[PDB]
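Shown next: structure33.txt, containing compact mmCIF, C-alpha atoms and all ligand atoms.
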```txt
# COMPACT_ATOMS: atom_id res chain seq x y z
CA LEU S 1 -72.31 56.76 -63.31
CA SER S 2 -70.18 55.27 -66.19
CA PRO S 3 -68.76 56.66 -69.51
CA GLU S 4 -70.19 53.65 -71.40
CA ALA S 5 -73.71 54.87 -70.62
CA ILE S 6 -73.10 57.84 -72.96
CA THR S 7 -73.99 56.91 -76.56
CA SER S 8 -72.46 58.27 -79.80
CA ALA S 9 -75.77 59.94 -80.68
CA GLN S 10 -75.75 61.59 -77.26
CA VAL S 11 -72.23 62.92 -77.85
CA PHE S 12 -73.24 64.35 -81.27
CA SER S 13 -76.39 65.89 -79.83
CA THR S 14 -74.50 67.40 -76.92
CA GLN S 15 -71.72 68.77 -79.04
CA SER S 16 -74.12 70.25 -81.61
CA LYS S 17 -75.73 72.55 -78.93
CA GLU S 18 -73.67 75.71 -79.61
CA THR S 19 -75.04 78.14 -77.04
CA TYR S 20 -73.18 80.90 -75.18
CA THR S 21 -72.68 81.86 -71.55
CA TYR S 22 -71.00 84.56 -69.47
CA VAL S 23 -67.83 84.39 -67.34
CA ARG S 24 -67.72 85.22 -63.62
CA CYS S 25 -64.28 86.59 -62.68
CA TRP S 26 -63.36 86.16 -59.01
CA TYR S 27 -60.50 88.00 -57.29
CA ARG S 28 -59.10 88.47 -53.82
CA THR S 29 -60.23 91.88 -52.54
CA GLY S 30 -57.53 92.27 -49.90
CA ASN S 31 -53.90 92.64 -50.74
CA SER S 32 -52.28 89.64 -49.01
CA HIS S 33 -52.80 85.98 -48.19
CA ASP S 34 -54.03 86.90 -44.71
CA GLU S 35 -57.43 87.90 -46.20
CA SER S 36 -59.33 85.17 -48.02
CA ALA S 37 -62.38 87.25 -49.01
CA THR S 38 -63.24 87.45 -52.71
CA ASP S 39 -65.66 89.32 -54.95
CA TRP S 40 -66.51 89.11 -58.64
CA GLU S 41 -67.49 90.92 -61.78
CA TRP S 42 -68.73 89.62 -65.13
CA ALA S 43 -65.94 89.42 -67.68
CA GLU S 44 -65.98 92.21 -70.26
CA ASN S 45 -64.90 92.67 -73.83
CA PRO S 46 -62.25 95.39 -74.35
CA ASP S 47 -65.02 98.02 -74.84
CA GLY S 48 -66.75 97.18 -71.53
CA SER S 49 -69.65 95.18 -72.99
CA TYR S 50 -70.17 91.74 -71.38
CA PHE S 51 -67.87 89.00 -72.58
CA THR S 52 -69.40 85.76 -73.83
CA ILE S 53 -68.00 82.37 -74.81
CA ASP S 54 -69.69 80.04 -77.26
CA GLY S 55 -69.92 76.30 -76.60
CA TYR S 56 -72.10 73.61 -75.07
CA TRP S 57 -73.06 72.43 -71.62
CA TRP S 58 -73.09 68.90 -70.30
CA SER S 59 -73.86 67.49 -66.85
CA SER S 60 -74.61 63.97 -65.56
CA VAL S 61 -76.84 65.50 -62.84
CA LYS S 62 -72.95 69.93 -62.02
CA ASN S 63 -72.75 71.30 -65.53
CA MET S 64 -69.49 71.88 -67.38
CA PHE S 65 -69.20 74.27 -70.32
CA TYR S 66 -67.16 73.24 -73.35
CA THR S 67 -65.73 76.02 -75.52
CA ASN S 68 -63.12 76.59 -78.22
CA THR S 69 -62.03 79.86 -76.56
CA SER S 70 -58.59 79.38 -74.97
CA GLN S 71 -58.10 79.54 -71.20
CA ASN S 72 -55.40 82.17 -71.74
CA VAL S 73 -57.87 84.47 -73.53
CA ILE S 74 -60.52 83.99 -70.79
CA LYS S 75 -57.95 84.81 -68.09
CA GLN S 76 -56.78 87.87 -70.04
CA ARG S 77 -60.35 89.19 -70.24
CA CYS S 78 -60.89 88.70 -66.49
CA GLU S 79 -57.62 90.45 -65.72
CA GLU S 80 -58.50 93.31 -68.08
CA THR S 81 -62.01 93.56 -66.59
CA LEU S 82 -61.03 93.64 -62.93
CA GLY S 83 -57.84 95.59 -63.32
CA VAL S 84 -56.50 94.39 -59.97
CA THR S 85 -53.27 96.15 -59.05
CA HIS S 86 -52.39 94.38 -55.79
CA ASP S 87 -50.05 91.32 -55.68
CA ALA S 88 -52.40 88.48 -54.48
CA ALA S 89 -55.32 88.99 -56.84
CA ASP S 90 -55.38 85.23 -57.41
CA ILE S 91 -58.01 85.49 -60.15
CA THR S 92 -60.14 82.48 -61.06
CA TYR S 93 -63.05 82.25 -63.46
CA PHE S 94 -66.10 80.18 -64.20
CA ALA S 95 -69.05 79.93 -66.59
CA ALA S 96 -72.42 81.27 -65.39
CA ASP S 97 -75.58 82.42 -67.15
CA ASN S 98 -76.58 84.84 -64.37
CA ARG S 99 -76.02 85.75 -60.74
CA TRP S 100 -78.01 82.81 -59.39
CA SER S 101 -75.88 80.21 -61.21
CA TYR S 102 -73.12 78.28 -59.50
CA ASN S 103 -69.43 78.41 -60.47
CA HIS S 104 -69.22 76.07 -63.48
CA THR S 105 -65.91 74.91 -64.90
CA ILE S 106 -64.96 76.09 -68.39
CA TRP S 107 -63.32 73.31 -70.44
CA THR S 108 -61.40 74.32 -73.59
CA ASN S 109 -61.75 71.61 -76.20
CA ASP S 110 -58.54 70.41 -77.77
CA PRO S 111 -57.67 70.97 -81.45
CA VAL S 112 -57.80 68.30 -84.11
CA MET S 113 -54.08 68.79 -84.76
CA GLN S 114 -52.35 67.33 -81.67
CA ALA S 115 -49.02 65.66 -81.00
CA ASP S 116 -47.92 64.29 -77.54
CA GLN S 117 -47.56 67.44 -75.42
CA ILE S 118 -49.37 67.82 -72.15
CA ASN S 119 -52.29 70.23 -72.67
CA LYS S 120 -54.12 70.05 -69.31
CA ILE S 121 -53.98 68.94 -65.69
CA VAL S 122 -56.81 66.88 -64.19
CA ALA S 123 -56.75 66.55 -60.40
CA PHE S 124 -58.26 63.85 -58.15
CA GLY S 125 -58.25 63.91 -54.39
CA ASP S 126 -59.71 65.35 -51.25
CA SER S 127 -59.59 68.63 -49.30
CA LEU S 128 -55.86 69.01 -49.96
CA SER S 129 -56.68 69.50 -53.67
CA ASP S 130 -60.32 70.63 -53.90
CA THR S 131 -60.69 74.04 -55.59
CA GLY S 132 -64.51 74.36 -55.47
CA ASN S 133 -66.54 71.14 -55.75
CA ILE S 134 -67.76 70.80 -52.14
CA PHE S 135 -68.04 74.64 -52.01
CA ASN S 136 -70.48 74.60 -54.91
CA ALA S 137 -72.31 71.55 -53.52
CA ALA S 138 -72.68 73.48 -50.23
CA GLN S 139 -74.11 76.54 -52.04
CA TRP S 140 -71.01 78.57 -51.17
CA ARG S 141 -71.54 78.18 -47.45
CA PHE S 142 -68.83 75.62 -46.68
CA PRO S 143 -66.03 76.41 -46.11
CA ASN S 144 -66.96 79.99 -45.27
CA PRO S 145 -65.65 82.32 -48.04
CA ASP S 146 -64.62 85.11 -45.70
CA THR S 147 -61.96 82.89 -44.15
CA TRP S 148 -61.20 80.09 -46.65
CA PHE S 149 -60.36 81.29 -50.20
CA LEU S 150 -63.42 80.69 -52.43
CA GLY S 151 -63.95 76.97 -51.92
CA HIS S 152 -60.30 76.10 -51.25
CA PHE S 153 -59.48 74.67 -47.79
CA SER S 154 -56.72 77.26 -47.43
CA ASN S 155 -56.13 81.03 -47.64
CA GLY S 156 -55.37 80.73 -51.35
CA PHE S 157 -54.40 78.41 -54.17
CA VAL S 158 -53.54 74.76 -53.58
CA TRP S 159 -50.54 72.91 -54.95
CA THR S 160 -52.15 71.71 -58.17
CA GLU S 161 -53.02 75.33 -59.17
CA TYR S 162 -49.44 76.47 -58.60
CA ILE S 163 -48.21 73.64 -60.80
CA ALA S 164 -50.74 74.51 -63.50
CA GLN S 165 -49.68 78.17 -63.37
CA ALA S 166 -46.01 77.31 -63.60
CA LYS S 167 -46.65 75.23 -66.71
CA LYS S 168 -49.27 77.64 -68.08
CA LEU S 169 -51.81 74.85 -68.19
CA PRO S 170 -55.52 74.69 -67.31
CA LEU S 171 -56.39 72.73 -64.20
CA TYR S 172 -59.67 70.81 -64.16
CA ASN S 173 -60.38 69.64 -60.65
CA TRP S 174 -62.40 66.57 -59.66
CA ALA S 175 -61.11 66.47 -56.08
CA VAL S 176 -63.83 66.76 -53.42
CA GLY S 177 -63.21 68.17 -49.95
CA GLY S 178 -64.09 65.53 -47.38
CA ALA S 179 -63.28 67.71 -44.40
CA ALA S 180 -65.42 67.39 -41.27
CA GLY S 181 -68.99 68.46 -42.11
CA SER S 182 -68.81 67.64 -45.85
CA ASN S 183 -71.04 64.56 -45.45
CA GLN S 184 -74.13 66.77 -45.09
CA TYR S 185 -73.73 68.12 -48.67
CA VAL S 186 -72.71 64.90 -50.55
CA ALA S 187 -72.33 61.32 -49.34
CA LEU S 188 -68.74 60.11 -48.95
CA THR S 189 -67.35 58.64 -52.17
CA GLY S 190 -64.08 57.09 -53.18
CA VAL S 191 -61.48 58.57 -55.46
CA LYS S 192 -62.48 55.85 -57.95
CA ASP S 193 -65.87 57.60 -58.26
CA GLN S 194 -63.98 60.79 -59.13
CA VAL S 195 -62.24 58.94 -61.95
CA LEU S 196 -65.58 57.66 -63.16
CA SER S 197 -67.16 61.08 -63.13
CA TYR S 198 -64.18 62.55 -64.95
CA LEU S 199 -64.36 59.89 -67.66
CA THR S 200 -68.02 60.70 -68.34
CA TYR S 201 -67.31 64.40 -68.83
CA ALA S 202 -64.26 63.57 -70.95
CA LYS S 203 -66.49 61.60 -73.26
CA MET S 204 -68.24 64.84 -74.24
CA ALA S 205 -65.00 66.64 -74.98
CA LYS S 206 -63.82 66.97 -78.58
CA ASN S 207 -60.48 65.58 -79.80
CA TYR S 208 -59.67 64.34 -76.30
CA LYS S 209 -56.49 62.27 -75.99
CA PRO S 210 -56.07 60.99 -72.42
CA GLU S 211 -52.34 60.48 -73.03
CA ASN S 212 -51.93 64.31 -73.19
CA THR S 213 -53.41 64.90 -69.72
CA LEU S 214 -51.26 65.23 -66.64
CA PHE S 215 -53.25 63.49 -63.92
CA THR S 216 -52.53 64.26 -60.27
CA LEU S 217 -53.76 61.92 -57.52
CA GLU S 218 -53.67 62.31 -53.74
CA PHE S 219 -56.29 60.70 -51.52
CA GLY S 220 -56.75 59.26 -48.07
CA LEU S 221 -56.26 62.09 -45.66
CA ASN S 222 -59.94 62.83 -45.00
CA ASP S 223 -60.72 59.13 -45.12
CA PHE S 224 -58.25 58.38 -42.29
CA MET S 225 -58.61 61.50 -40.14
CA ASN S 226 -62.36 62.05 -40.22
CA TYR S 227 -63.90 58.80 -41.47
CA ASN S 228 -61.71 56.23 -39.64
CA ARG S 229 -61.53 54.24 -42.87
CA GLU S 230 -59.42 51.12 -42.80
CA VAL S 231 -56.16 51.03 -44.69
CA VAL S 232 -57.22 47.98 -46.70
CA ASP S 233 -60.34 49.77 -47.98
CA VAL S 234 -58.45 52.89 -48.98
CA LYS S 235 -55.93 50.60 -50.68
CA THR S 236 -58.77 49.02 -52.63
CA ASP S 237 -60.26 52.41 -53.64
CA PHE S 238 -56.87 53.82 -54.69
CA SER S 239 -55.77 50.81 -56.72
CA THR S 240 -59.19 50.58 -58.32
CA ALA S 241 -58.91 54.24 -59.38
CA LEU S 242 -55.50 53.74 -61.01
CA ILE S 243 -56.71 50.63 -62.80
CA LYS S 244 -59.63 52.61 -64.17
CA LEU S 245 -57.51 55.65 -65.16
CA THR S 246 -54.88 53.54 -66.91
CA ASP S 247 -57.49 51.37 -68.60
CA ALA S 248 -58.98 54.57 -70.03
CA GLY S 249 -55.60 55.51 -71.55
CA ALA S 250 -53.90 57.69 -68.96
CA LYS S 251 -50.12 57.71 -69.26
CA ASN S 252 -48.89 60.64 -67.16
CA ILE S 253 -49.70 60.56 -63.47
CA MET S 254 -48.36 62.46 -60.46
CA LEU S 255 -48.76 60.74 -57.12
CA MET S 256 -47.93 61.92 -53.64
CA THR S 257 -47.70 60.39 -50.21
CA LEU S 258 -49.91 61.70 -47.47
CA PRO S 259 -48.57 64.22 -44.95
CA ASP S 260 -48.71 63.09 -41.34
CA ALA S 261 -51.90 64.90 -40.47
CA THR S 262 -51.52 64.19 -36.74
CA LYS S 263 -49.11 67.15 -36.73
CA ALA S 264 -52.04 69.45 -37.42
CA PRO S 265 -53.30 71.70 -34.63
CA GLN S 266 -56.60 69.82 -34.37
CA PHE S 267 -54.75 66.90 -32.72
CA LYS S 268 -53.95 69.13 -29.74
CA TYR S 269 -57.46 68.09 -28.76
CA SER S 270 -56.93 64.42 -29.50
CA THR S 271 -55.61 61.51 -27.46
CA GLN S 272 -52.17 60.02 -27.97
CA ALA S 273 -53.96 56.81 -28.86
CA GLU S 274 -55.80 58.47 -31.75
CA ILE S 275 -52.60 60.24 -32.85
CA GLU S 276 -50.73 56.91 -32.95
CA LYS S 277 -53.65 55.18 -34.66
CA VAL S 278 -54.13 57.75 -37.45
CA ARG S 279 -50.42 58.05 -37.93
CA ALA S 280 -50.02 54.33 -38.39
CA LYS S 281 -52.65 54.23 -41.14
CA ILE S 282 -50.86 57.02 -43.00
CA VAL S 283 -47.50 55.25 -42.64
CA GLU S 284 -49.01 52.02 -43.99
CA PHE S 285 -51.00 53.67 -46.81
CA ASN S 286 -47.96 55.67 -47.94
CA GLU S 287 -46.08 52.43 -48.53
CA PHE S 288 -48.96 51.25 -50.71
CA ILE S 289 -48.85 54.55 -52.70
CA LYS S 290 -45.12 53.98 -53.31
CA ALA S 291 -45.66 50.38 -54.41
CA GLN S 292 -48.37 51.41 -56.87
CA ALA S 293 -46.00 53.98 -58.37
CA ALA S 294 -43.19 51.42 -58.77
CA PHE S 295 -45.66 48.99 -60.38
CA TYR S 296 -46.98 51.43 -62.94
CA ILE S 297 -43.42 52.50 -63.77
CA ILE S 298 -42.44 48.88 -64.46
CA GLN S 299 -45.58 48.57 -66.62
CA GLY S 300 -44.27 51.48 -68.80
CA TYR S 301 -46.23 54.49 -67.54
CA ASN S 302 -44.94 58.01 -66.78
CA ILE S 303 -45.27 58.22 -63.06
CA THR S 304 -43.75 60.68 -60.69
CA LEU S 305 -43.94 60.25 -56.98
CA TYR S 306 -43.34 63.16 -54.61
CA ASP S 307 -42.72 62.40 -50.97
CA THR S 308 -44.96 65.01 -49.51
CA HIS S 309 -44.94 63.07 -46.20
CA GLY S 310 -41.20 63.52 -45.78
CA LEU S 311 -41.44 67.18 -46.80
CA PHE S 312 -44.15 67.82 -44.20
CA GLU S 313 -42.05 66.12 -41.50
CA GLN S 314 -39.27 68.54 -42.32
CA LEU S 315 -41.70 71.49 -42.13
CA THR S 316 -43.21 70.45 -38.80
CA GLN S 317 -39.88 69.40 -37.26
CA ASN S 318 -37.97 72.58 -38.22
CA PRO S 319 -40.18 75.19 -39.93
CA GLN S 320 -37.54 77.95 -39.71
CA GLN S 321 -35.18 75.89 -41.90
CA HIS S 322 -37.75 76.17 -44.72
CA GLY S 323 -38.91 79.80 -44.53
CA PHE S 324 -41.65 79.34 -41.92
CA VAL S 325 -41.97 80.53 -38.33
CA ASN S 326 -44.75 78.40 -36.84
CA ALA S 327 -45.74 74.81 -37.59
CA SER S 328 -47.66 73.98 -34.41
CA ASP S 329 -50.50 76.54 -34.25
CA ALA S 330 -53.36 77.52 -36.43
CA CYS S 331 -52.91 80.92 -38.00
CA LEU S 332 -56.64 81.45 -37.43
CA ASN S 333 -57.87 82.01 -33.86
CA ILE S 334 -59.58 78.59 -33.67
CA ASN S 335 -58.97 76.79 -30.38
CA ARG S 336 -60.76 73.45 -30.89
CA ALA S 337 -61.44 70.80 -33.58
CA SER S 338 -65.10 71.17 -34.69
CA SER S 339 -66.74 70.63 -38.08
CA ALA S 340 -69.04 73.60 -37.46
CA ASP S 341 -66.11 76.07 -37.56
CA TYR S 342 -65.96 75.83 -41.35
CA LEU S 343 -69.36 77.57 -41.45
CA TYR S 344 -68.16 80.74 -39.74
CA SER S 345 -65.59 83.48 -40.34
CA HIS S 346 -62.57 83.67 -38.04
CA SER S 347 -59.95 86.25 -37.31
CA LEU S 348 -56.18 85.75 -37.36
CA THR S 349 -54.41 85.46 -34.04
CA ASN S 350 -52.18 88.38 -33.10
CA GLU S 351 -49.09 86.22 -33.63
CA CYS S 352 -50.19 85.19 -37.07
CA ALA S 353 -51.11 88.77 -37.95
CA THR S 354 -47.62 89.81 -36.76
CA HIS S 355 -45.67 87.25 -38.77
CA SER S 356 -48.11 86.98 -41.75
CA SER S 357 -49.94 83.81 -42.82
CA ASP S 358 -47.17 83.14 -45.33
CA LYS S 359 -44.95 82.23 -42.35
CA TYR S 360 -47.38 79.68 -40.90
CA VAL S 361 -47.66 76.07 -41.99
CA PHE S 362 -51.30 75.74 -40.89
CA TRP S 363 -54.19 77.99 -41.78
CA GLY S 364 -56.94 76.61 -39.59
CA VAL S 365 -56.60 73.62 -37.31
CA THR S 366 -56.39 71.16 -40.19
CA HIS S 367 -55.16 72.40 -43.56
CA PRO S 368 -51.89 73.95 -44.75
CA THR S 369 -51.62 77.64 -45.78
CA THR S 370 -51.22 78.67 -49.40
CA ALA S 371 -47.52 79.30 -48.79
CA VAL S 372 -47.10 75.64 -47.98
CA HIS S 373 -49.02 74.62 -51.07
CA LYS S 374 -46.64 76.81 -53.05
CA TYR S 375 -43.61 75.27 -51.34
CA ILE S 376 -44.85 71.82 -52.38
CA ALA S 377 -45.38 72.89 -55.98
CA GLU S 378 -41.89 74.44 -56.10
CA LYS S 379 -40.30 71.26 -54.77
CA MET S 380 -42.19 69.17 -57.35
CA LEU S 381 -41.14 71.59 -60.16
CA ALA S 382 -37.48 71.53 -59.16
CA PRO S 383 -35.00 70.12 -61.70
CA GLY S 384 -34.47 66.43 -61.13
CA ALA S 385 -37.65 66.07 -59.10
CA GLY S 386 -39.26 64.04 -61.89
CA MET S 387 -41.48 66.36 -63.93
CA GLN S 388 -38.83 66.37 -66.65
CA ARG S 389 -40.33 63.03 -67.73
CA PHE S 390 -43.56 64.73 -68.93
CA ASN S 391 -44.00 66.32 -72.37
CA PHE S 392 -44.49 70.02 -71.59
CA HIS S 393 -44.83 72.89 -74.06
CA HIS S 394 -42.37 75.75 -73.99
CA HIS S 395 -43.50 79.36 -73.74
CA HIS S 396 -41.33 82.32 -74.62
BR BR H 401 -58.21 74.68 -42.06
```
Turn this file's structure into structure tokens for me.
Ligand SMILES: [Br-]
Amino acid sequence: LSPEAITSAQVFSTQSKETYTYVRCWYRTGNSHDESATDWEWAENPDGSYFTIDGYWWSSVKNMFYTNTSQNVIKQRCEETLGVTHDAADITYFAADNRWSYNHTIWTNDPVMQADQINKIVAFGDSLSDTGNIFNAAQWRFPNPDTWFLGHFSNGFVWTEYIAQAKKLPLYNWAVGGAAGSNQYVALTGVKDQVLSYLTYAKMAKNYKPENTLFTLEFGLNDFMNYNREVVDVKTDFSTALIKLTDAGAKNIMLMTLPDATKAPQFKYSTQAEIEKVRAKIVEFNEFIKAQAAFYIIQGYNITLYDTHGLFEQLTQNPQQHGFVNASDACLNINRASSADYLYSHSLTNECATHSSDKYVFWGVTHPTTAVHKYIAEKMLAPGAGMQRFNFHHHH
């Protein structure tokens, strides 16, 4: 769509609809990252009655709920309701009227009184960042939620969620998994369409200052591996997205280079020609990512660039040096590269069960494990790694 299509009267009308909804609290039922399965309960008040949040819905087609209730209070209720005592509960929560509803994002509106501190993370990208968009578009069938953690292409949280947790910030995700098989649930779109969608929802928020959002952007992996997109087209999509984000007032952006995805187990079933071909696109596109970062820095923006490509090379070249045991095999017992495998549950191999999925780089044949996503977040959070340039709150 386009944020300009939303009129002032429409904003007033939308924001004046003060309804209420319930909160679905998801948690990991098993007690380690080896088990992706999740279940849920409705959030409760302290006395056990159902918890509700007041606010308003808006959707272009995919409804988001806008509330004044803080994310920290919603999380606290879910934690109090579920009372999970194991270590990997990995609780997440969503708005829903009833059991037939999908998992809708809860957006906390900002206060009128606001300075220049970062107050949220907004993520753009593909299956390396998606936390539930293709999963909801696929009616919770893809990727299968017994084996991939509730709509994440991993066995747990992805890197953006670990960053958000470290900084105690909400994460609002626009990234869309474009893994093999996604096409059947939503036509391929660029990352610039994610920026457009985000800007339309942001127009319905109250007191929204785009300069207080930390934007994260990674894109291209699914485009190159699965869709054979040309580098020049991905360049055009990526630069168009940054133009649109900065034109809308973004100031704080985290970028990352693409990992060399030809190191993934699925390329055991590929030709050397395809390996060299995909790899070359990634090498070329990564130089464009770096050049865009340098350009926006010179233009005065707060840009960090993390060389995820170089980090992945270190992990796949010498996993033991970085706390991992295996960087060549899928942890899951998947012995081919097929889109249909995301529809089914899969067991761990004996070797992965022996060492634990936290010691593997790869979960299935394509995507990294949640331990890798954590390793990335920790590297990005490290002193001197660049996040010092953003205006974060402190928390005692
Ligand atoms: Br995977």
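Going from atom CA of residue S:38 to atom CA of residue S:75 covers 16.5 Å.
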**Request:** Using only C-alpha atoms, pick whichever of S:214, S:23, S:366, S:37 has the shortest atom-to-atom distance to residue S:76.
**Result:**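 Smallest separation from residue S:76 among the options: S:23.
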What lies within 8 Å of residue S:151 using all atoms listed in the file, ignoring chain neighbours under 6 positions off, as a tab-separated table (two decimals) with C-alpha atoms, keeping the file's coordinate frame?
```
chain	number	residue	atom	x	y	z
S	130	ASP	CA	-60.32	70.63	-53.90
S	131	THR	CA	-60.69	74.04	-55.59
S	132	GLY	CA	-64.51	74.36	-55.47
S	133	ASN	CA	-66.54	71.14	-55.75
S	134	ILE	CA	-67.76	70.80	-52.14
S	135	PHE	CA	-68.04	74.64	-52.01
S	136	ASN	CA	-70.48	74.60	-54.91
S	140	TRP	CA	-71.01	78.57	-51.17
S	142	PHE	CA	-68.83	75.62	-46.68
S	143	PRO	CA	-66.03	76.41	-46.11
S	144	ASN	CA	-66.96	79.99	-45.27
S	145	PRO	CA	-65.65	82.32	-48.04
```
**Request:** Output the neighbourhood of ligand BR 401 (chain H) as a list in words, that is, all protein and nucleic acid residues with some atom at most 7 Å from the ligand, counting all atoms listed in the file.
**Result:**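 Answer in the requested format: residues 153, 154, 363, 364, 365, 366, 367 and 368 of chain S.
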**Item:** Pick from S:122, S:186, S:204, S:334, whichever lies nearest to residue S:245 using only C-alpha atoms
**Value:** S:122
**Message:** Taking all atoms listed in the file into account, name the residue in S:345, S:207, S:251, S:356 that is nearest to residue S:113.
**Reply:**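 Closest to residue S:113 of all the choices is S:207.
Atom CA of residue S:257 is found 5.4 Å from atom CA of residue S:307.
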